[PDB]
(Lines of atoms letter the chains of each structure in order from A and count residues from 1; the text may use other names and numbers.)
(Lines give C-alpha, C1' and ligand atoms only; values in the text may rest on other atoms or scores of the structure.)
Protein backbone atom coordinates (compact mmCIF):
# COMPACT_ATOMS: atom_id res chain seq x y z
CA UNK A 1 0.00 0.00 0.00
CA UNK A 2 1.60 3.23 1.22
CA UNK A 3 5.28 3.24 0.27
CA UNK A 4 7.25 4.26 3.36
CA UNK A 5 10.83 5.42 2.89
CA UNK A 6 12.34 6.57 6.18
CA UNK A 7 14.94 9.29 5.55
CA UNK A 8 17.02 9.78 8.74
CA UNK A 9 18.01 6.26 9.68
CA UNK A 10 21.36 6.00 11.43
CA UNK A 11 23.94 3.27 10.93
CA UNK A 12 27.56 2.75 11.91
CA UNK A 13 30.49 0.56 10.82
CA UNK A 14 33.24 -1.10 12.84
CA UNK A 15 36.11 1.13 11.69
CA UNK A 16 34.21 4.21 12.84
CA UNK A 17 33.10 2.57 16.10
CA UNK A 18 36.73 1.65 16.86
CA UNK A 19 37.90 5.18 16.08
CA UNK A 20 35.26 6.67 18.36
CA UNK A 21 36.13 4.23 21.16
CA UNK A 22 39.67 5.61 21.00
CA UNK A 23 38.43 9.19 20.70
CA UNK A 24 36.27 8.79 23.81
CA UNK A 25 39.44 8.51 25.88
CA UNK A 26 40.90 11.82 24.67
CA UNK A 27 40.66 15.29 26.24
CA UNK A 28 38.46 16.67 23.45
CA UNK A 29 36.22 19.39 24.87
CA UNK A 30 33.58 19.17 22.11
CA UNK A 31 30.07 18.90 23.55
CA UNK A 32 29.66 15.75 21.42
CA UNK A 33 31.92 13.97 23.89
CA UNK A 34 28.85 13.48 26.07
CA UNK A 35 27.22 11.33 23.36
CA UNK A 36 30.56 9.78 22.45
CA UNK A 37 31.25 8.56 26.00
CA UNK A 38 27.64 7.41 26.49
CA UNK A 39 27.64 5.21 23.39
CA UNK A 40 31.26 4.56 22.39
CA UNK A 41 33.11 4.96 25.67
CA UNK A 42 34.35 2.56 28.31
CA UNK A 43 31.52 1.57 30.69
CA UNK A 44 28.95 3.25 28.40
CA UNK A 45 25.64 4.50 29.79
CA UNK A 46 23.94 3.39 26.56
CA UNK A 47 25.55 -0.02 25.98
CA UNK A 48 23.08 -1.42 23.42
CA UNK A 49 23.40 1.44 20.96
CA UNK A 50 26.50 0.39 18.99
CA UNK A 51 24.89 -2.97 18.23
CA UNK A 52 21.61 -1.40 17.19
CA UNK A 53 23.37 1.18 15.00
CA UNK A 54 25.54 -1.50 13.37
CA UNK A 55 22.68 -3.88 12.70
CA UNK A 56 21.02 -3.67 9.30
CA UNK A 57 19.78 -7.23 8.61
CA UNK A 58 18.51 -8.42 12.01
CA UNK A 59 16.38 -6.31 14.36
CA UNK A 60 16.24 -3.42 11.89
CA UNK A 61 14.81 -5.43 9.01
CA UNK A 62 12.50 -7.34 11.37
CA UNK A 63 11.06 -4.08 12.66
CA UNK A 64 10.71 -2.74 9.11
CA UNK A 65 8.78 -5.87 8.16
CA UNK A 66 6.55 -5.79 11.26
CA UNK A 67 5.63 -2.16 10.57
CA UNK A 68 5.38 -2.28 6.79
CA UNK A 69 8.32 0.07 6.21
CA UNK A 70 9.61 -0.33 2.64
CA UNK A 71 13.01 1.35 3.03
CA UNK A 72 15.55 3.02 5.24
CA UNK A 73 17.76 5.72 3.76
CA UNK A 74 20.87 5.06 5.85
CA UNK A 75 23.37 7.64 7.08
CA UNK A 76 26.52 7.31 9.17
CA UNK A 77 25.34 8.41 12.59
CA UNK A 78 26.39 11.74 14.10
CA UNK A 79 29.06 12.91 14.71
CA UNK A 80 30.13 11.06 11.56
CA UNK A 81 33.85 11.46 10.92
CA UNK A 82 33.89 15.14 11.85
CA UNK A 83 35.53 14.88 15.30
CA UNK A 84 38.75 13.38 14.00
CA UNK A 85 41.79 15.18 12.63
CA UNK A 86 41.77 15.81 8.87
CA UNK A 87 43.84 12.79 7.82
CA UNK A 88 41.83 10.39 10.00
CA UNK A 89 38.49 11.88 8.98
CA UNK A 90 39.37 11.72 5.29
CA UNK A 91 40.52 8.08 5.54
CA UNK A 92 37.49 6.94 7.55
CA UNK A 93 35.02 8.76 5.30
CA UNK A 94 36.24 6.68 2.33
CA UNK A 95 36.01 3.48 4.38
CA UNK A 96 32.55 4.35 5.69
CA UNK A 97 31.30 5.29 2.23
CA UNK A 98 32.55 2.02 0.74
CA UNK A 99 30.85 0.12 3.56
CA UNK A 100 27.64 2.11 3.02
CA UNK A 101 27.65 1.18 -0.67
CA UNK A 102 28.16 -2.47 0.21
CA UNK A 103 25.41 -2.35 2.83
CA UNK A 104 22.97 -0.90 0.31
CA UNK A 105 23.95 -3.45 -2.34
CA UNK A 106 23.22 -6.39 -0.06
CA UNK A 107 19.55 -5.32 0.07
CA UNK A 108 18.88 -2.53 -2.47
CA UNK A 109 15.10 -2.95 -2.38
CA UNK A 110 15.13 -2.15 1.36
CA UNK A 111 18.08 0.23 1.81
CA UNK A 112 19.40 3.38 0.16
CA UNK A 113 22.46 5.27 1.39
CA UNK A 114 23.88 8.73 2.02
CA UNK A 115 27.63 9.17 1.77
CA UNK A 116 29.53 11.43 4.13
CA UNK A 117 32.80 13.37 4.13
CA UNK A 118 35.37 15.13 6.28
CA UNK A 119 35.06 18.89 5.70
CA UNK A 120 38.12 19.38 7.97
CA UNK A 121 39.88 19.16 4.59
CA UNK A 122 37.58 20.86 2.07
CA UNK A 123 39.63 19.91 -1.02
CA UNK A 124 39.70 16.23 -0.09
CA UNK A 125 36.05 16.30 0.94
CA UNK A 126 35.21 17.69 -2.51
CA UNK A 127 36.99 14.75 -4.12
CA UNK A 128 35.15 12.30 -1.88
CA UNK A 129 31.80 13.92 -2.68
CA UNK A 130 32.50 13.39 -6.38
CA UNK A 131 33.47 9.75 -5.72
CA UNK A 132 30.27 9.17 -3.77
CA UNK A 133 28.16 10.60 -6.59
CA UNK A 134 29.80 9.01 -9.63
CA UNK A 135 31.89 6.02 -8.52
CA UNK A 136 29.76 4.65 -5.67
CA UNK A 137 26.46 5.94 -7.06
CA UNK A 138 25.03 6.62 -3.60
CA UNK A 139 21.71 8.40 -3.11
CA UNK A 140 22.86 11.62 -1.47
CA UNK A 141 25.05 13.11 1.25
CA UNK A 142 24.97 13.63 5.00
CA UNK A 143 26.96 15.87 7.32
CA UNK A 144 26.39 16.66 10.99
CA UNK A 145 26.04 20.41 11.51
CA UNK A 146 29.34 22.22 12.32
CA UNK A 147 32.88 21.15 11.57
CA UNK A 148 35.74 22.46 13.71
CA UNK A 149 33.23 24.80 15.36
CA UNK A 150 32.67 26.66 12.10
CA UNK A 151 29.35 26.96 10.28
CA UNK A 152 28.71 26.53 6.56
CA UNK A 153 28.58 30.22 5.75
CA UNK A 154 32.39 30.17 6.15
CA UNK A 155 34.12 30.51 2.73
CA UNK A 156 36.56 27.82 3.98
CA UNK A 157 33.90 25.33 2.95
CA UNK A 158 33.15 26.77 -0.51
CA UNK A 159 34.94 23.88 -2.27
CA UNK A 160 32.63 21.45 -0.46
CA UNK A 161 29.48 23.22 -1.61
CA UNK A 162 30.80 23.68 -5.13
CA UNK A 163 31.24 19.89 -5.36
CA UNK A 164 27.87 19.15 -3.76
CA UNK A 165 26.09 21.50 -6.15
CA UNK A 166 27.90 20.04 -9.17
CA UNK A 167 27.12 16.47 -8.07
CA UNK A 168 23.38 17.02 -7.93
CA UNK A 169 23.24 15.14 -4.62
CA UNK A 170 21.08 16.55 -1.83
CA UNK A 171 22.88 17.19 1.46
CA UNK A 172 21.13 16.16 4.67
CA UNK A 173 22.47 18.42 7.42
CA UNK A 174 21.88 16.25 10.47
CA UNK A 175 22.40 17.61 13.98
CA UNK A 176 25.33 17.24 16.30
CA UNK A 177 25.80 18.87 19.70
CA UNK A 178 26.11 22.68 19.94
CA UNK A 179 29.51 23.91 18.74
CA UNK A 180 32.02 25.65 20.99
CA UNK A 181 30.53 28.97 19.91
CA UNK A 182 27.34 28.18 21.84
CA UNK A 183 27.88 25.07 23.97
CA UNK A 184 28.17 26.80 27.36
CA UNK A 185 24.37 27.17 27.58
CA UNK A 186 23.78 23.49 26.79
CA UNK A 187 25.74 21.74 29.55
CA UNK A 188 22.71 21.22 31.82
CA UNK A 189 19.58 19.05 31.93
CA UNK A 190 20.68 16.96 28.93
CA UNK A 191 20.32 19.98 26.65
CA UNK A 192 23.41 18.93 24.68
CA UNK A 193 21.25 16.45 22.84
CA UNK A 194 18.02 16.04 20.84
CA UNK A 195 15.87 17.67 23.53
CA UNK A 196 17.19 21.16 22.67
CA UNK A 197 20.78 21.71 21.60
CA UNK A 198 20.56 19.63 18.41
CA UNK A 199 17.84 21.90 17.06
CA UNK A 200 19.53 25.16 18.04
CA UNK A 201 22.90 24.10 16.61
CA UNK A 202 21.51 22.88 13.30
CA UNK A 203 18.99 25.63 12.69
CA UNK A 204 21.57 28.32 13.48
CA UNK A 205 23.96 26.72 10.97
CA UNK A 206 21.27 26.80 8.27
CA UNK A 207 20.22 30.37 9.03
CA UNK A 208 23.84 31.51 8.70
CA UNK A 209 24.03 29.68 5.37
CA UNK A 210 20.94 31.51 4.08
CA UNK A 211 21.81 34.98 5.36
CA UNK A 212 25.40 34.77 4.13
CA UNK A 213 24.14 34.39 0.56
CA UNK A 214 25.43 30.84 0.13
CA UNK A 215 22.41 30.05 -2.06
CA UNK A 216 23.07 32.89 -4.46
CA UNK A 217 26.58 31.50 -4.94
CA UNK A 218 25.32 27.91 -5.26
CA UNK A 219 21.68 28.25 -6.31
CA UNK A 220 21.21 24.56 -7.22
CA UNK A 221 22.11 23.22 -3.78
CA UNK A 222 19.51 21.02 -2.15
CA UNK A 223 19.64 20.86 1.63
CA UNK A 224 17.53 18.59 3.85
CA UNK A 225 16.82 19.28 7.54
CA UNK A 226 15.23 16.79 9.91
CA UNK A 227 13.16 17.43 13.03
CA UNK A 228 10.53 19.30 11.06
CA UNK A 229 13.13 21.59 9.50
CA UNK A 230 14.73 22.33 12.87
CA UNK A 231 11.80 24.75 13.36
CA UNK A 232 12.97 27.07 10.59
CA UNK A 233 9.55 26.68 8.90
CA UNK A 234 7.98 28.28 11.99
CA UNK A 235 10.23 31.36 11.79
CA UNK A 236 9.83 32.17 8.08
CA UNK A 237 7.73 35.33 8.44
CA UNK A 238 10.08 36.87 11.03
CA UNK A 239 13.21 35.93 9.06
CA UNK A 240 11.75 37.79 6.11
CA UNK A 241 10.44 40.74 8.09
CA UNK A 242 13.69 41.46 9.89
CA UNK A 243 15.96 40.95 6.88
CA UNK A 244 15.87 44.66 5.97
CA UNK A 245 17.26 45.60 9.36
CA UNK A 246 19.93 42.94 8.93
CA UNK A 247 21.13 44.33 5.59
CA UNK A 248 20.69 47.99 6.56
CA UNK A 249 22.24 48.00 10.04
CA UNK A 250 23.78 44.56 10.54
CA UNK A 251 26.17 44.15 7.61
CA UNK A 252 24.19 41.27 6.13
CA UNK A 253 24.78 40.96 2.39
CA UNK A 254 22.07 41.85 -0.10
CA UNK A 255 20.33 38.72 -1.38
CA UNK A 256 18.46 38.03 -4.61
CA UNK A 257 15.55 36.36 -2.77
CA UNK A 258 13.90 36.64 0.64
CA UNK A 259 15.18 34.27 3.35
CA UNK A 260 11.97 32.17 3.23
CA UNK A 261 12.30 31.92 -0.54
CA UNK A 262 15.72 30.27 -0.20
CA UNK A 263 14.16 27.96 2.35
CA UNK A 264 11.39 26.86 -0.03
CA UNK A 265 13.63 26.78 -3.12
CA UNK A 266 16.75 25.14 -1.71
CA UNK A 267 15.54 23.16 1.32
CA UNK A 268 13.28 20.24 2.10
CA UNK A 269 12.48 18.90 5.56
CA UNK A 270 11.78 15.60 7.30
CA UNK A 271 9.54 14.65 10.21
CA UNK A 272 12.20 12.82 12.24
CA UNK A 273 11.48 13.12 15.94
CA UNK A 274 8.49 15.41 15.40
CA UNK A 275 5.48 13.09 15.26
CA UNK A 276 2.94 15.91 15.39
CA UNK A 277 0.03 16.14 12.97
CA UNK A 278 -0.30 19.84 13.75
CA UNK A 279 3.35 20.56 12.97
CA UNK A 280 3.14 18.40 9.85
CA UNK A 281 0.08 20.30 8.59
CA UNK A 282 1.75 23.64 9.33
CA UNK A 283 4.85 22.60 7.39
CA UNK A 284 2.91 21.38 4.37
CA UNK A 285 0.99 24.67 4.37
CA UNK A 286 4.02 26.97 4.43
CA UNK A 287 6.52 24.87 2.46
CA UNK A 288 4.31 23.00 0.00
CA UNK A 289 3.64 19.24 0.04
CA UNK A 290 6.68 18.49 -2.17
CA UNK A 291 9.04 19.74 0.53
CA UNK A 292 8.16 17.44 3.44
CA UNK A 293 9.46 13.88 3.91
CA UNK A 294 8.85 11.22 6.54
CA UNK A 295 11.56 9.71 8.73
CA UNK A 296 11.89 7.64 11.93
CA UNK A 297 15.32 8.57 13.39
CA UNK A 298 15.91 4.86 14.08
CA UNK A 299 17.52 3.49 16.23
CA UNK A 300 17.26 6.54 18.48
CA UNK A 301 13.48 6.33 18.14
CA UNK A 302 11.18 3.34 17.63
CA UNK A 303 9.59 2.56 14.27
CA UNK A 304 5.96 1.80 15.22
CA UNK A 305 4.95 5.24 16.52
CA UNK A 306 6.68 6.99 13.61
CA UNK A 307 4.88 4.73 11.16
CA UNK A 308 1.52 5.20 12.85
CA UNK A 309 2.03 8.97 12.86
CA UNK A 310 2.19 9.12 9.05
CA UNK A 311 -0.38 6.35 8.41
CA UNK A 312 -2.94 8.35 10.42
CA UNK A 313 -2.01 11.86 9.26
CA UNK A 314 -5.13 13.96 8.55
CA UNK A 315 -4.09 14.78 4.98
CA UNK A 316 -5.32 13.49 1.61
CA UNK A 317 -3.95 10.16 0.40
CA UNK A 318 -2.00 11.69 -2.47
CA UNK A 319 -0.21 14.19 -0.21
CA UNK A 320 0.33 11.39 2.30
CA UNK A 321 2.03 9.33 -0.44
CA UNK A 322 4.32 12.27 -1.22
CA UNK A 323 5.33 12.70 2.40
CA UNK A 324 5.65 8.97 3.12
CA UNK A 325 7.96 8.20 0.22
CA UNK A 326 7.33 9.99 -3.07
CA UNK A 327 9.30 13.11 -2.23
CA UNK A 328 12.19 11.04 -0.88
CA UNK A 329 12.27 8.90 -4.02
CA UNK A 330 12.65 12.09 -6.08
CA UNK A 331 15.10 13.96 -3.84
CA UNK A 332 17.29 10.95 -3.11
CA UNK A 333 16.96 9.28 -6.54
CA UNK A 334 15.36 6.05 -5.36
CA UNK A 335 13.46 3.96 -7.91
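Positions refer to the first chain, counted from 1.
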For this session: Using only the Cα atoms and their B-factors as the entry lists them, report which of 81-89 and 238-246 averages higher.
Result: 81-89
For this session: Could you check which stretch, 176-184 or 123-131, carries the larger mean CA temperature factor in the entry?
Result: 123-131
For this session: Compare the CA B factors listed in the entry for 193, 116, 167, 205 and report the winner.
Result: 167
Exercise. By its CA B factor, does residue 58 count among the lowest, middle or highest third of the modelled residues in the chain?
Worked result: highest
For this session: Using the B-factors in the PDB entry, rank residue 222's C-alpha atom against the chain and give the third, lowest, middle or highest.
Result: middle
Exercise. Which third, lowest, middle or highest, does the CA B-factor of residue 72 fall in along this chain?
Worked result: lowest
For this session: Grab the CA temperature factor for residue 20 from the record and place it in the lowest, middle or highest third of its chain.
Result: highest
Exercise. Looking at the C-alpha B-factor of residue 273, is it in the lowest, middle or highest third of its chain?
Worked result: lowest
